Every structure is written in C-alpha cells, then in structure tokens.
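Colleague: Take this structure, written in structure tokens, and hold onto it; I'll ask about it next.
2 protein chains.
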Amino acid sequence: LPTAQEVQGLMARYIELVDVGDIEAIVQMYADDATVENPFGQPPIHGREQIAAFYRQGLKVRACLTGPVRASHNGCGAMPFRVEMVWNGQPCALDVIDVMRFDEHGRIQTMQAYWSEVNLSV
Amino acid sequence: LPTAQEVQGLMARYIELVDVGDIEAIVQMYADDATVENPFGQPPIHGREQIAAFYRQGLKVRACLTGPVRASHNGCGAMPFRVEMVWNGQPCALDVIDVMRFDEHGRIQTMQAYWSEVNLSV
Ligand SMILES: Oc1ccccc1F
Ligand SMILES: Oc1ccccc1F
C-alpha cells in the first residue's frame with residue numbers, strides 16, 4: 003500500500019501515461035476489478051475491460070499536472086491537472102481533479118474525476 | 003442542492019472566509035451535523051461545535070485558490086488551494102485539495118482535505 007511519497011509518484015506517472023496515450027500502461031495501473039467515475043456523479047465503470055474501453059474512446066491529447074499531488078497516509082491522493090484535446094477540429098482544454106484510492110498492491114482501486122462543463126474551455 | 007455553478011460559488015466563498023479568518027461565517031457554511039476529515043486519513047470530526055474548535059485552533066493566515074473549482078452535477082466539488090501561515094515564527098505554505106459534498110440546503114455535509122507533510126513548505 004503506497005506511502006504518501008509513493009502515491010505522489012504513482013499519480014504523477016498516471017498523468018504521464020495519459021499524456022502519451024498509452025492505453026495498455028494506463029489500464030495496468032488499475033486493479034483488475036477497479037472502478038472509474040468520470041465525471042464524478044456519473045455511474046461507475048467496473049473492471050479493466052470497461053476501463054480500457056473508456057480510455058480508448060477518450061484518448065492528440067496532452068495532460069499535465071497544474072499543481073502538486075496531495076497524498077494521504079492511507080493510500081489515497083488527489084491532484085489537479087489540465088487535459089488538452091481536439092474536439093470537432095476545435096482544440097479545447099478541460100481542468101480536472103482526480104481523487105484515487107490505491108490498494109494493498111499499489112494498483113488504483115477507485116478513480117473519481119471531478120469536473121463539469123464549467124471546466125471546459127474551447 | 004447546489005448546481006455545478008453554485009458549488010463553484012460556495013467553494014470559492016469558503017476559501018475567501020478561510021482567508022479572512024472568519025470562524026463563525028465558516029462554521030455557518032457547514033451542516034449542523036457535518037463532518038470534517040483534515041487531513042484525509044485522520045478520524046472525522048462531527049458537528050458545528052467540534053468544527054468551530056478545529057478552525058479556531060487552525061486559524065495571520067492567507068488562503069487562495071491555485072486553480073479552478075471542479076464541480077459535479079450531484080452537489081459535490083473539489084478545489085486546489087494554498088494556505089500560508091506562520092509556524093514557530095517560520096512562515097510556511099501548505100498545498101491542499103478539498104473535496105466537499107453539499108446537502109439539499111446548500112450546507113457542507115462532508116469536507117475531506119487532502120494533504121500530507123509532503124505538501125508543506127517552510
Ligand atoms: O483521469 C482523467 C480524467 C479526465 C480526463 C482524462 C483523464 F485521464
Ligand atoms: O479546508 C482547509 C484545509 C486545510 C487547511 C485549511 C483549510 F481551511
């Protein structure tokens with residue numbers, strides 16, 4: 003179960019994997035039965051196959070942290086970042102905060118991505 | 003129950019109240035039986051009297070948002086901010102993300118403040 007420093011490293015590497023768009027490496031960060039709520043407020047998606055389908059649909066994309074990872078001492082953390090993408094030939098940016106809980110093996114057990122339309126910029 | 007735009011306004015006003023240090027106005031934002039986990043990972047504190055005691059102990066302090074509020078459509082949001090304080094005559098800064106759930110009256114029902122020692126700068 004990752005320490006606070008290890009959560010900082012894992013969550014930063016998640017953003018680097020989203021940024022390059024390595025779907026298979028992203029999926030491997032998740033527990034095999036993880037859930038993703040993205041955006042938070044919508045129903046969870048369950049397990050690596052569903053999660054892979056989500057990232058493949060969603061991911065030229067750039068992602069970068071826009072402030073430090075905030076980690077806890079119970080395997081969780083939160084981070085702010087910006088995703089830039091191209092939508093109907095119109096580039097846009099989305100500001101997001103992800104909250105993650107890691108399991109006892111260092112895998113993401115739950116992902117909650119906070120954002121709404123108010124965080125999109127076209 | 004606040005809409006996404008209303009969550010953005012409520013969470014920004016919370017930071018303005020922390021920044022000026024108005025304990026009674028901060029406490030009034032919370033539901034009478036709210037909980038606070040600060041830092042997340044520690045046991046919750048319950049109800050306005052406990053919450054007032056927490057802010058009075060904790061709060065010259067400056068607080069400002071360091072990126073936009075990320076709101077949901079189910080009365081929740083998350084925000085990144087920086088708190089500057091004076092510790093043993095040594096000014097320091099703490100980077101934090103608060104995750105809030107508001108109730109059906111617009112009051113904070115749950116507060117979870119993500120940060121650890123790794124987010125403190127002396
Ligand atoms: O975790 C995420 C959240 C929002 C958009 C892309 C992501 F990879
Ligand atoms: O919500 C908070 C979190 C951390 C420090 C001060 C705060 F007011």
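Protein chains in written order, with PDB author numbering: chain A, 3 to 61, 65 to 127; chain A', 3 to 61, 65 to 127. A prime marks a further copy of an entry chain. All residues carry an ideal CB built from backbone N, CA and C; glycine is no exception.
Give the secondary structure of residue 21 of chain A' by DSSP, where H, G and I count as helix, E and B as strand, and everything else as coil.
Modeller: In this structure, residue 21 of chain A' counts as helix in the three-state DSSP scheme.
Colleague: Report the three-state DSSP secondary structure of residue 9 of chain A' (helix, strand or coil).
Modeller: The answer is helix: DSSP assigns residue 9 of chain A' an H, G or I state.
Colleague: Under 6 Å Cβ to Cβ from residue 28 of chain A, same chain only, skipping five residues before and after it: list those, please.
Modeller: So the list reads 19, 57, once near-sequence residues are dropped.
Colleague: DSSP on residue 112 of chain A, reduced to helix/strand/coil?
Modeller: Residue 112 of chain A falls in the coil class under three-state DSSP.
Colleague: Could you tell me which residues DSSP pairs with residue 48 of chain A' in its beta bridges?
Modeller: Its beta-bridge partners are A'/37.
Colleague: If you follow the beta strand (DSSP E) that residue 96 of chain A is part of, which residue opens it and which one closes it?
Modeller: Note, residue 96 of chain A: beta strand (DSSP E), 95 to 107.
Colleague: For the beta strand (DSSP E) that contains residue 85 of chain A, what are its first and last residues?
Modeller: Here the beta strand (DSSP E) through residue 85 of chain A covers 81 to 92.
Colleague: Using a threshold of 7 Å, is the CB atom of residue 99 of chain A' nearer than that to any non-hydrogen atom of ligand 2?
Modeller: True, at least one ligand heavy atom lies under 7 Å from that Cβ.
Colleague: Run through chain A' and tell me which residues come within less than 8 Å of residue 10 of chain A, C-beta to C-beta.
Modeller: Under the 8 Å cutoff, chain A' gives 123.
Colleague: Quick check on this structure: which residue in A'/22, A'/3, A'/74 has the alpha carbon closest to the alpha carbon of residue 103 of chain A'?
Modeller: Per the Cα distances, A'/74.
Colleague: Starting from residue 114 of chain A', find everything on chain A with Cβ-Cβ shorter than 9 Å and list it in chain order.
Modeller: Under the 9 Å cutoff, chain A gives no residues; its nearest Cβ is about 15 Å from residue 114 of chain A'.
Colleague: Does the beta-carbon of residue 121 of chain A have 16 or more other beta-carbons within 10 angstroms, so that it is buried, or is it exposed?
Modeller: It counts as buried.
Colleague: Could you compute how far the alpha carbon of residue 112 of chain A sits from the alpha carbon of residue 78 of chain A'?
Modeller: Rounded to whole angstroms, residue 112 of chain A to residue 78 of chain A' spans 28 Å at the Cα level.
Colleague: Output yes if chain A' places a C-beta closer than 8 Å to the C-beta of residue 79 of chain A; else output no.
Modeller: Yes - at least one Cβ of chain A' is within 8 Å of the one on residue 79 of chain A.
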